[PDB]
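Data file: start.cif. Format and content: mmCIF, N, CA and C atoms and all ligand atoms.
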```cif
data_work
loop_
_atom_site.label_atom_id
_atom_site.label_comp_id
_atom_site.auth_asym_id
_atom_site.auth_seq_id
_atom_site.Cartn_x
_atom_site.Cartn_y
_atom_site.Cartn_z
N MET A 43 156.54 28.95 -147.96
CA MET A 43 157.68 29.65 -147.31
C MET A 43 158.12 28.95 -146.03
N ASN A 44 159.43 28.93 -145.81
CA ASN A 44 160.01 28.49 -144.55
C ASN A 44 160.18 29.72 -143.67
N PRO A 45 160.13 29.54 -142.34
CA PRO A 45 160.49 30.64 -141.44
C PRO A 45 162.00 30.85 -141.44
N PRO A 46 162.45 31.99 -140.90
CA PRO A 46 163.88 32.12 -140.63
C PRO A 46 164.32 30.97 -139.72
N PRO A 47 165.57 30.51 -139.85
CA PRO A 47 166.04 29.46 -138.96
C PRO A 47 166.19 29.94 -137.52
N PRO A 48 166.34 29.02 -136.57
CA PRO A 48 166.64 29.45 -135.21
C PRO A 48 167.98 30.18 -135.15
N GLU A 49 168.10 31.06 -134.17
CA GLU A 49 169.31 31.82 -133.96
C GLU A 49 170.51 30.92 -133.62
N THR A 50 171.65 31.15 -134.25
CA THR A 50 172.89 30.45 -133.91
C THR A 50 174.04 31.38 -133.51
N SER A 51 173.79 32.68 -133.60
CA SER A 51 174.77 33.70 -133.31
C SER A 51 174.05 34.85 -132.63
N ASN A 52 174.58 35.29 -131.49
CA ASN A 52 174.04 36.45 -130.80
C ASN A 52 175.11 37.02 -129.87
N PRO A 53 175.85 38.04 -130.35
CA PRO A 53 176.93 38.60 -129.53
C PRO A 53 176.49 39.15 -128.17
N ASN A 54 175.22 39.54 -128.05
CA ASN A 54 174.61 39.99 -126.77
C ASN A 54 174.45 38.87 -125.74
N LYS A 55 174.39 37.62 -126.19
CA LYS A 55 174.09 36.49 -125.31
C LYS A 55 175.37 36.05 -124.62
N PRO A 56 175.39 36.04 -123.28
CA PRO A 56 176.62 35.59 -122.61
C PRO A 56 176.88 34.10 -122.86
N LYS A 57 178.16 33.75 -122.93
CA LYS A 57 178.60 32.44 -123.43
C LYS A 57 179.55 31.79 -122.45
N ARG A 58 179.57 30.45 -122.43
CA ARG A 58 180.63 29.71 -121.74
C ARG A 58 181.14 28.55 -122.59
N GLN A 59 182.39 28.16 -122.35
CA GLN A 59 182.91 26.89 -122.84
C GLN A 59 183.31 26.07 -121.62
N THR A 60 182.66 24.93 -121.46
CA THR A 60 182.74 24.13 -120.25
C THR A 60 182.85 22.67 -120.61
N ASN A 61 183.25 21.84 -119.65
CA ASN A 61 183.41 20.42 -119.91
C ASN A 61 182.09 19.72 -120.25
N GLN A 62 180.97 20.13 -119.65
CA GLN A 62 179.66 19.54 -119.99
C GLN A 62 179.26 19.90 -121.42
N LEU A 63 179.45 21.15 -121.81
CA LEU A 63 179.16 21.56 -123.18
C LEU A 63 180.12 20.89 -124.18
N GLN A 64 181.38 20.72 -123.79
CA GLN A 64 182.34 20.02 -124.63
C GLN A 64 181.92 18.57 -124.85
N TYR A 65 181.42 17.93 -123.80
CA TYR A 65 180.83 16.58 -123.90
C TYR A 65 179.63 16.53 -124.85
N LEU A 66 178.76 17.53 -124.75
CA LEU A 66 177.60 17.60 -125.63
C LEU A 66 178.01 17.67 -127.11
N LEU A 67 179.13 18.32 -127.43
CA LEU A 67 179.62 18.36 -128.80
C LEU A 67 180.37 17.07 -129.15
N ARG A 68 181.37 16.73 -128.35
CA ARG A 68 182.31 15.66 -128.70
C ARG A 68 181.72 14.27 -128.60
N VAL A 69 180.78 14.08 -127.68
CA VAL A 69 180.15 12.78 -127.49
C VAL A 69 178.72 12.78 -128.03
N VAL A 70 177.87 13.67 -127.53
CA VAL A 70 176.44 13.55 -127.83
C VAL A 70 176.13 13.92 -129.28
N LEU A 71 176.48 15.13 -129.70
CA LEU A 71 176.20 15.55 -131.07
C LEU A 71 176.92 14.65 -132.07
N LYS A 72 178.19 14.37 -131.83
CA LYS A 72 178.94 13.57 -132.80
C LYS A 72 178.39 12.14 -132.93
N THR A 73 177.94 11.55 -131.83
CA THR A 73 177.33 10.22 -131.86
C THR A 73 176.05 10.20 -132.70
N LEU A 74 175.18 11.18 -132.50
CA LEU A 74 173.92 11.22 -133.24
C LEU A 74 174.14 11.60 -134.71
N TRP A 75 175.07 12.51 -134.95
CA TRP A 75 175.33 13.03 -136.30
C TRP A 75 175.77 11.97 -137.27
N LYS A 76 176.58 11.02 -136.80
CA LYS A 76 177.14 9.96 -137.65
C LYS A 76 176.18 8.80 -137.88
N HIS A 77 175.07 8.77 -137.14
CA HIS A 77 174.10 7.68 -137.21
C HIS A 77 173.45 7.58 -138.57
N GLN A 78 173.09 6.36 -138.98
CA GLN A 78 172.44 6.14 -140.28
C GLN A 78 171.10 6.86 -140.43
N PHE A 79 170.44 7.15 -139.31
CA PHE A 79 169.16 7.84 -139.32
C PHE A 79 169.27 9.35 -139.03
N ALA A 80 170.48 9.91 -139.03
CA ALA A 80 170.66 11.33 -138.71
C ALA A 80 170.12 12.29 -139.77
N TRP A 81 170.13 11.87 -141.03
CA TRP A 81 169.98 12.83 -142.14
C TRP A 81 168.74 13.71 -142.11
N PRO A 82 167.56 13.19 -141.69
CA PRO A 82 166.40 14.10 -141.65
C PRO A 82 166.50 15.21 -140.60
N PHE A 83 167.46 15.08 -139.68
CA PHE A 83 167.59 15.96 -138.53
C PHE A 83 168.85 16.82 -138.60
N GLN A 84 169.58 16.76 -139.71
CA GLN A 84 170.84 17.49 -139.83
C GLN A 84 170.71 18.95 -140.29
N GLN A 85 169.49 19.41 -140.52
CA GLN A 85 169.23 20.78 -140.98
C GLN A 85 167.77 21.10 -140.69
N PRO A 86 167.42 22.40 -140.67
CA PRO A 86 166.01 22.76 -140.51
C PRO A 86 165.10 22.07 -141.51
N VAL A 87 163.88 21.75 -141.08
CA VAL A 87 162.91 21.15 -141.97
C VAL A 87 162.58 22.15 -143.09
N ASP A 88 162.81 21.73 -144.33
CA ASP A 88 162.49 22.53 -145.50
C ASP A 88 161.09 22.13 -145.94
N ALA A 89 160.12 22.88 -145.42
CA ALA A 89 158.71 22.59 -145.65
C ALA A 89 158.29 22.80 -147.10
N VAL A 90 159.04 23.59 -147.85
CA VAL A 90 158.76 23.80 -149.27
C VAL A 90 159.17 22.57 -150.08
N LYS A 91 160.44 22.19 -149.98
CA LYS A 91 160.96 21.04 -150.74
C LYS A 91 160.26 19.73 -150.35
N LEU A 92 159.96 19.58 -149.07
CA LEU A 92 159.29 18.38 -148.56
C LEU A 92 157.77 18.40 -148.69
N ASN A 93 157.21 19.51 -149.17
CA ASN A 93 155.77 19.64 -149.37
C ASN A 93 154.98 19.37 -148.09
N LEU A 94 155.38 20.07 -147.03
CA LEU A 94 154.73 20.00 -145.73
C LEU A 94 154.24 21.41 -145.38
N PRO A 95 153.24 21.91 -146.13
CA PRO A 95 152.83 23.30 -145.92
C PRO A 95 152.26 23.61 -144.54
N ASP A 96 151.84 22.59 -143.80
CA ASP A 96 151.35 22.80 -142.44
C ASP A 96 152.42 22.59 -141.35
N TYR A 97 153.67 22.31 -141.72
CA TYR A 97 154.66 21.97 -140.71
C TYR A 97 154.85 23.09 -139.69
N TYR A 98 155.07 24.30 -140.19
CA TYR A 98 155.32 25.45 -139.32
C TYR A 98 154.04 26.11 -138.82
N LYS A 99 152.89 25.59 -139.24
CA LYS A 99 151.62 25.92 -138.59
C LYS A 99 151.51 25.17 -137.26
N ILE A 100 152.05 23.95 -137.22
CA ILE A 100 151.99 23.08 -136.05
C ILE A 100 153.23 23.22 -135.15
N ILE A 101 154.40 23.33 -135.76
CA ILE A 101 155.67 23.40 -135.04
C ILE A 101 156.13 24.85 -134.92
N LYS A 102 155.99 25.41 -133.72
CA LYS A 102 156.30 26.82 -133.45
C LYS A 102 157.66 27.01 -132.77
N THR A 103 158.30 25.91 -132.36
CA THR A 103 159.66 25.96 -131.81
C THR A 103 160.55 24.97 -132.58
N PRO A 104 160.89 25.29 -133.84
CA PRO A 104 161.70 24.39 -134.67
C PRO A 104 163.08 24.17 -134.07
N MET A 105 163.61 22.96 -134.20
CA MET A 105 165.00 22.70 -133.82
C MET A 105 165.51 21.51 -134.59
N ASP A 106 166.81 21.49 -134.84
CA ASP A 106 167.44 20.44 -135.64
C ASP A 106 168.91 20.36 -135.23
N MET A 107 169.56 19.26 -135.58
CA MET A 107 170.96 19.08 -135.19
C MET A 107 171.92 19.99 -135.94
N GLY A 108 171.56 20.47 -137.12
CA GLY A 108 172.39 21.45 -137.82
C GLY A 108 172.52 22.71 -136.98
N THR A 109 171.39 23.19 -136.49
CA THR A 109 171.35 24.33 -135.59
C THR A 109 172.11 24.06 -134.30
N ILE A 110 171.90 22.89 -133.70
CA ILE A 110 172.60 22.54 -132.46
C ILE A 110 174.11 22.47 -132.69
N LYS A 111 174.52 21.86 -133.79
CA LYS A 111 175.94 21.79 -134.15
C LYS A 111 176.56 23.19 -134.26
N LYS A 112 175.88 24.10 -134.95
CA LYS A 112 176.35 25.48 -135.07
C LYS A 112 176.42 26.16 -133.70
N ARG A 113 175.39 25.98 -132.88
CA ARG A 113 175.38 26.56 -131.53
C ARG A 113 176.55 26.07 -130.70
N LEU A 114 176.83 24.77 -130.76
CA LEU A 114 177.95 24.21 -130.01
C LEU A 114 179.30 24.70 -130.55
N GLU A 115 179.46 24.69 -131.87
CA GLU A 115 180.74 25.08 -132.48
C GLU A 115 181.04 26.56 -132.29
N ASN A 116 179.99 27.38 -132.21
CA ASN A 116 180.15 28.81 -132.05
C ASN A 116 179.92 29.25 -130.60
N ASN A 117 179.96 28.29 -129.68
CA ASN A 117 179.86 28.54 -128.24
C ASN A 117 178.69 29.45 -127.88
N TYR A 118 177.51 29.11 -128.39
CA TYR A 118 176.29 29.91 -128.21
C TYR A 118 175.68 29.77 -126.83
N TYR A 119 175.92 28.63 -126.19
CA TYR A 119 175.26 28.29 -124.94
C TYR A 119 175.99 28.82 -123.71
N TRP A 120 175.21 28.99 -122.64
CA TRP A 120 175.73 29.21 -121.30
C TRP A 120 175.88 27.92 -120.53
N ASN A 121 174.92 27.01 -120.66
CA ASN A 121 174.98 25.76 -119.92
C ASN A 121 174.48 24.56 -120.73
N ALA A 122 174.70 23.37 -120.17
CA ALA A 122 174.33 22.13 -120.84
C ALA A 122 172.82 21.98 -120.97
N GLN A 123 172.07 22.44 -119.97
CA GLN A 123 170.61 22.33 -119.99
C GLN A 123 169.99 22.99 -121.22
N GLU A 124 170.53 24.13 -121.64
CA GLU A 124 170.04 24.79 -122.86
C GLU A 124 170.17 23.88 -124.07
N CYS A 125 171.31 23.21 -124.18
CA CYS A 125 171.58 22.35 -125.32
C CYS A 125 170.73 21.08 -125.27
N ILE A 126 170.66 20.47 -124.09
CA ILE A 126 169.79 19.32 -123.86
C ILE A 126 168.35 19.65 -124.22
N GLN A 127 167.89 20.85 -123.88
CA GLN A 127 166.54 21.26 -124.24
C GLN A 127 166.37 21.31 -125.76
N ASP A 128 167.38 21.80 -126.48
CA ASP A 128 167.31 21.84 -127.95
C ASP A 128 167.14 20.44 -128.55
N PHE A 129 167.91 19.46 -128.08
CA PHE A 129 167.72 18.08 -128.53
C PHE A 129 166.30 17.62 -128.24
N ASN A 130 165.81 17.86 -127.03
CA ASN A 130 164.47 17.40 -126.66
C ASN A 130 163.39 18.08 -127.48
N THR A 131 163.58 19.35 -127.78
CA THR A 131 162.68 20.06 -128.68
C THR A 131 162.64 19.40 -130.05
N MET A 132 163.80 19.06 -130.59
CA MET A 132 163.87 18.40 -131.88
C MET A 132 163.07 17.10 -131.86
N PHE A 133 163.31 16.25 -130.87
CA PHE A 133 162.58 14.98 -130.80
C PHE A 133 161.08 15.18 -130.65
N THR A 134 160.69 16.05 -129.72
CA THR A 134 159.28 16.33 -129.47
C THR A 134 158.58 16.85 -130.73
N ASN A 135 159.22 17.74 -131.47
CA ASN A 135 158.62 18.25 -132.71
C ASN A 135 158.28 17.10 -133.65
N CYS A 136 159.21 16.16 -133.78
CA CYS A 136 159.01 15.02 -134.65
C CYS A 136 157.78 14.22 -134.21
N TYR A 137 157.67 13.96 -132.91
CA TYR A 137 156.56 13.17 -132.39
C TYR A 137 155.23 13.94 -132.46
N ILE A 138 155.27 15.26 -132.28
CA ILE A 138 154.06 16.10 -132.38
C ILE A 138 153.53 16.13 -133.81
N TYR A 139 154.42 16.33 -134.78
CA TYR A 139 153.99 16.53 -136.16
C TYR A 139 153.56 15.24 -136.85
N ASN A 140 154.30 14.17 -136.63
CA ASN A 140 154.18 12.98 -137.47
C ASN A 140 153.18 11.98 -136.93
N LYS A 141 152.71 11.11 -137.83
CA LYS A 141 151.79 10.06 -137.46
C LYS A 141 152.57 9.03 -136.67
N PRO A 142 151.98 8.52 -135.57
CA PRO A 142 152.64 7.46 -134.83
C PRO A 142 152.98 6.28 -135.74
N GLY A 143 154.20 5.76 -135.62
CA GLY A 143 154.64 4.61 -136.42
C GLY A 143 155.42 4.94 -137.68
N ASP A 144 155.36 6.19 -138.14
CA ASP A 144 156.07 6.62 -139.36
C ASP A 144 157.57 6.40 -139.27
N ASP A 145 158.21 6.20 -140.42
CA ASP A 145 159.66 5.99 -140.47
C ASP A 145 160.42 7.07 -139.71
N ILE A 146 160.04 8.33 -139.91
CA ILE A 146 160.74 9.44 -139.26
C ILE A 146 160.65 9.35 -137.73
N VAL A 147 159.53 8.85 -137.21
CA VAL A 147 159.38 8.66 -135.77
C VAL A 147 160.31 7.57 -135.26
N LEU A 148 160.43 6.47 -136.00
CA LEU A 148 161.37 5.41 -135.63
C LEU A 148 162.81 5.90 -135.66
N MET A 149 163.12 6.78 -136.61
CA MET A 149 164.45 7.36 -136.73
C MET A 149 164.75 8.24 -135.51
N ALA A 150 163.82 9.14 -135.19
CA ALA A 150 163.95 9.97 -134.00
C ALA A 150 164.11 9.13 -132.74
N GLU A 151 163.34 8.06 -132.62
CA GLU A 151 163.43 7.20 -131.43
C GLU A 151 164.80 6.56 -131.30
N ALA A 152 165.37 6.12 -132.41
CA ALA A 152 166.70 5.52 -132.38
C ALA A 152 167.74 6.54 -131.92
N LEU A 153 167.65 7.76 -132.44
CA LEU A 153 168.59 8.82 -132.05
C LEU A 153 168.37 9.20 -130.58
N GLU A 154 167.11 9.28 -130.16
CA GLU A 154 166.78 9.65 -128.79
C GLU A 154 167.30 8.60 -127.79
N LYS A 155 167.28 7.33 -128.17
CA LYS A 155 167.77 6.28 -127.27
C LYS A 155 169.25 6.50 -126.97
N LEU A 156 170.02 6.80 -128.02
CA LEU A 156 171.44 7.11 -127.88
C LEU A 156 171.66 8.39 -127.10
N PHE A 157 170.89 9.42 -127.42
CA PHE A 157 170.95 10.67 -126.69
C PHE A 157 170.80 10.43 -125.19
N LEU A 158 169.77 9.68 -124.81
CA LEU A 158 169.51 9.41 -123.40
C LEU A 158 170.65 8.64 -122.74
N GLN A 159 171.23 7.68 -123.45
CA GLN A 159 172.36 6.93 -122.92
C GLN A 159 173.58 7.82 -122.71
N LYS A 160 173.85 8.73 -123.64
CA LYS A 160 174.98 9.66 -123.47
C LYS A 160 174.73 10.69 -122.38
N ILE A 161 173.53 11.26 -122.29
CA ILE A 161 173.21 12.27 -121.26
C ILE A 161 173.22 11.66 -119.86
N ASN A 162 172.89 10.37 -119.78
CA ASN A 162 172.95 9.66 -118.51
C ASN A 162 174.34 9.76 -117.88
N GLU A 163 175.38 9.89 -118.71
CA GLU A 163 176.75 10.01 -118.22
C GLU A 163 177.39 11.37 -118.49
N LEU A 164 176.55 12.40 -118.52
CA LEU A 164 177.03 13.78 -118.58
C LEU A 164 178.01 13.96 -117.42
N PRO A 165 179.25 14.41 -117.71
CA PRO A 165 180.25 14.51 -116.65
C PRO A 165 179.87 15.59 -115.65
N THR A 166 180.33 15.44 -114.41
CA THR A 166 180.13 16.49 -113.42
C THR A 166 180.96 17.71 -113.81
N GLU A 167 180.47 18.89 -113.44
CA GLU A 167 181.16 20.14 -113.75
C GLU A 167 182.54 20.22 -113.10
N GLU A 168 183.47 20.86 -113.81
CA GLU A 168 184.83 21.05 -113.32
C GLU A 168 185.01 22.46 -112.77
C1 LIG B 201 158.09 14.84 -141.50
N1 LIG B 201 159.49 15.19 -141.29
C2 LIG B 201 160.02 15.57 -140.08
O1 LIG B 201 159.42 15.71 -139.03
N2 LIG B 201 161.37 15.81 -140.30
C3 LIG B 201 162.31 16.24 -139.27
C4 LIG B 201 161.68 15.55 -141.64
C5 LIG B 201 162.86 15.64 -142.36
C6 LIG B 201 162.85 15.30 -143.72
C7 LIG B 201 164.12 15.39 -144.52
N3 LIG B 201 164.12 14.89 -145.76
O2 LIG B 201 165.11 15.95 -144.04
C8 LIG B 201 161.65 14.91 -144.32
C9 LIG B 201 160.47 14.84 -143.60
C10 LIG B 201 160.49 15.16 -142.25
#
```
Would you encode the structure as C-alpha cells?
Amino acid sequence: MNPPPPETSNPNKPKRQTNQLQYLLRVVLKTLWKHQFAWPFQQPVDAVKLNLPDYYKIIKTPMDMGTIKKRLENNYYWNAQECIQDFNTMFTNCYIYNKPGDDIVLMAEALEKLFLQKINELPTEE
C-alpha cells in the first residue's frame, strides 16, 4: 500500500500569490520539470509498482514535483520558504532512501544543482 499523497488543497490554509512564488513556478519548477532526469520526481513514489515495500517505512515526509506543481498552480503556499522546503524535502528523501551512487541519486543531484542556481537568484519581494 501507498500512503495518501501530501495535501495540495486546503481551503482553511491562508494563501498568497507573490512574485517570489511566481518565480518558483515559472523559473524553478518549470526548469526542473523539463529536465531529462525529472521523470522519477514528477509524481509521488509508487512503492507498490516500484516494489519498494520499505520506502514509506523510511520516508515519513514524502514530497515530489507533482505535488509541488499542484501546490504552486493552486496557490497553496503563503511564502517561498514553504515551497523551497518542499524541494529540499524531495531531494533529501532521495538521498536518505537510496544507496550512495545510484542512478536516482545522480538524477536528484543534477536537478538540485539547477534548483540551487535558480534559488540563488530568487527575486526580492515586491
Ligand atoms: C528509489 N526511487 C526514489 O527514491 N524515487 C524518487 C524513485 C522514483 C522512481 C520512478 N520510476 O518514478 C523509481 C524509483 C525511485
Protein and nucleic acid residues within 8 Å of ligand LIG 201 (chain B) (all atoms listed in the file) as an mmCIF file with N, CA and C atoms, in the frame of the given file:
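Saved the output as part.cif:
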```cif
data_model
loop_
_atom_site.group_PDB
_atom_site.id
_atom_site.type_symbol
_atom_site.label_atom_id
_atom_site.label_comp_id
_atom_site.auth_asym_id
_atom_site.auth_seq_id
_atom_site.Cartn_x
_atom_site.Cartn_y
_atom_site.Cartn_z
ATOM 1 N N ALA A 80 170.480 9.910 -139.030
ATOM 2 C CA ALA A 80 170.660 11.330 -138.710
ATOM 3 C C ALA A 80 170.120 12.290 -139.770
ATOM 4 N N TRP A 81 170.130 11.870 -141.030
ATOM 5 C CA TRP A 81 169.980 12.830 -142.140
ATOM 6 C C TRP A 81 168.740 13.710 -142.110
ATOM 7 N N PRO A 82 167.560 13.190 -141.690
ATOM 8 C CA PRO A 82 166.400 14.100 -141.650
ATOM 9 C C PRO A 82 166.500 15.210 -140.600
ATOM 10 N N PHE A 83 167.460 15.080 -139.680
ATOM 11 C CA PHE A 83 167.590 15.960 -138.530
ATOM 12 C C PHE A 83 168.850 16.820 -138.600
ATOM 13 N N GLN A 84 169.580 16.760 -139.710
ATOM 14 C CA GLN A 84 170.840 17.490 -139.830
ATOM 15 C C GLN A 84 170.710 18.950 -140.290
ATOM 16 N N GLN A 85 169.490 19.410 -140.520
ATOM 17 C CA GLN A 85 169.230 20.780 -140.980
ATOM 18 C C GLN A 85 167.770 21.100 -140.690
ATOM 19 N N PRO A 86 167.420 22.400 -140.670
ATOM 20 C CA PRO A 86 166.010 22.760 -140.510
ATOM 21 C C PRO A 86 165.100 22.070 -141.510
ATOM 22 N N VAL A 87 163.880 21.750 -141.080
ATOM 23 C CA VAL A 87 162.910 21.150 -141.970
ATOM 24 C C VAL A 87 162.580 22.150 -143.090
ATOM 25 N N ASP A 88 162.810 21.730 -144.330
ATOM 26 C CA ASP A 88 162.490 22.530 -145.500
ATOM 27 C C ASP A 88 161.090 22.130 -145.940
ATOM 28 N N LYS A 91 160.440 22.190 -149.980
ATOM 29 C CA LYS A 91 160.960 21.040 -150.740
ATOM 30 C C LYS A 91 160.260 19.730 -150.350
ATOM 31 N N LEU A 92 159.960 19.580 -149.070
ATOM 32 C CA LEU A 92 159.290 18.380 -148.560
ATOM 33 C C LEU A 92 157.770 18.400 -148.690
ATOM 34 N N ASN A 93 157.210 19.510 -149.170
ATOM 35 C CA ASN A 93 155.770 19.640 -149.370
ATOM 36 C C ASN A 93 154.980 19.370 -148.090
ATOM 37 N N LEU A 94 155.380 20.070 -147.030
ATOM 38 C CA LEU A 94 154.730 20.000 -145.730
ATOM 39 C C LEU A 94 154.240 21.410 -145.380
ATOM 40 N N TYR A 97 153.670 22.310 -141.720
ATOM 41 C CA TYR A 97 154.660 21.970 -140.710
ATOM 42 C C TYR A 97 154.850 23.090 -139.690
ATOM 43 N N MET A 105 163.610 22.960 -134.200
ATOM 44 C CA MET A 105 165.000 22.700 -133.820
ATOM 45 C C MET A 105 165.510 21.510 -134.590
ATOM 46 N N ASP A 106 166.810 21.490 -134.840
ATOM 47 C CA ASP A 106 167.440 20.440 -135.640
ATOM 48 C C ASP A 106 168.910 20.360 -135.230
ATOM 49 N N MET A 132 163.800 19.060 -130.590
ATOM 50 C CA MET A 132 163.870 18.400 -131.880
ATOM 51 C C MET A 132 163.070 17.100 -131.860
ATOM 52 N N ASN A 135 159.220 17.740 -131.470
ATOM 53 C CA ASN A 135 158.620 18.250 -132.710
ATOM 54 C C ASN A 135 158.280 17.100 -133.650
ATOM 55 N N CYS A 136 159.210 16.160 -133.780
ATOM 56 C CA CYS A 136 159.010 15.020 -134.650
ATOM 57 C C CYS A 136 157.780 14.220 -134.210
ATOM 58 N N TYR A 137 157.670 13.960 -132.910
ATOM 59 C CA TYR A 137 156.560 13.170 -132.390
ATOM 60 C C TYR A 137 155.230 13.940 -132.460
ATOM 61 N N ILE A 138 155.270 15.260 -132.280
ATOM 62 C CA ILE A 138 154.060 16.100 -132.380
ATOM 63 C C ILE A 138 153.530 16.130 -133.810
ATOM 64 N N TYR A 139 154.420 16.330 -134.780
ATOM 65 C CA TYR A 139 153.990 16.530 -136.160
ATOM 66 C C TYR A 139 153.560 15.240 -136.850
ATOM 67 N N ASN A 140 154.300 14.170 -136.630
ATOM 68 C CA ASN A 140 154.180 12.980 -137.470
ATOM 69 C C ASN A 140 153.180 11.980 -136.930
ATOM 70 N N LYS A 141 152.710 11.110 -137.830
ATOM 71 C CA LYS A 141 151.790 10.060 -137.460
ATOM 72 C C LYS A 141 152.570 9.030 -136.670
ATOM 73 N N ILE A 146 160.040 8.330 -139.910
ATOM 74 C CA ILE A 146 160.740 9.440 -139.260
ATOM 75 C C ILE A 146 160.650 9.350 -137.730
ATOM 76 N N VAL A 147 159.530 8.850 -137.210
ATOM 77 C CA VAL A 147 159.380 8.660 -135.770
ATOM 78 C C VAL A 147 160.310 7.570 -135.260
#
```
Quiz item: If you measure from atom N of residue A:72 to atom CA of residue A:107, what distance in Å do you get, rounded to one decimal?
Solution: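 About the pair atom N of residue A:72 and atom CA of residue A:107: they are 9.3 Å apart.
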Counting only N, CA and C atoms, which residues of stretch 89-159 of chain A sit at most 7 Å from some atom of stretch 60-71 of chain A, and what is each one's closest atom pair with its distance in Å to one decimal, listed by chain and rising residue number, as JSON lines?
```
{"residue": "A:111", "atom": "CA", "partner": "A:71", "partner_atom": "CA", "distance": 7.0}
{"residue": "A:114", "atom": "CA", "partner": "A:67", "partner_atom": "CA", "distance": 6.2}
{"residue": "A:121", "atom": "C", "partner": "A:63", "partner_atom": "CA", "distance": 6.1}
{"residue": "A:122", "atom": "CA", "partner": "A:63", "partner_atom": "N", "distance": 5.3}
{"residue": "A:157", "atom": "CA", "partner": "A:70", "partner_atom": "CA", "distance": 6.3}
```
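Among the candidates A:118, A:109, A:75, A:99, the one nearest to residue A:54 when counting only C-alpha atoms is A:118.
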Quiz item: Got a sec to check which residues sit within 8 Å of (181.1, 31.5, -122.1), counting only C-alpha atoms, and write them as a count of residues only?
Solution: 9
Exercise. Within 8 Å of residue A:89, counting only N, CA and C atoms, which residues show up once you throw out same-chain ones fewer than 6 positions away? Write them as a count of residues only, please.
Key: 7
With 4 Å on each side, where is the centre of the axis-aligned box around all listed atoms of stretch 124-140 of chain A, and how long are its edges in Å to one decimal, as AutoDock Vina command-line options?
```
--center_x 162.4 --center_y 18.4 --center_z -129.6 --size_x 26.4 --size_y 20.8 --size_z 23.8
```
Exercise. To one decimal in Å, tell me the separation between atom N of residue A:167 and atom N of residue A:73.
Key: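 Separating atom N of residue A:167 from atom N of residue A:73 is a distance of 20.0 Å.
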Exercise. Between atom CA of residue A:115 and atom N of residue A:148, measure the distance and give it in Å to one decimal.
Key: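 Separation of atom CA of residue A:115 and atom N of residue A:148: 27.8 Å.
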Practice problem: Please identify all polymer residues within 8 Å of residue A:156, counting all atoms listed in the file, omitting same-chain residues fewer than 4 positions from it, and present them as a VMD selection string. | Solution: chain A and resid 70 73 to 74 150 to 152 160 to 162
Self-check item: Filtered DSSP result for chain A, state alpha helix (DSSP H), as number ranges by chain
Solution: A: 61-65, 72-75, 97-100, 107-115, 122-139, 145-161
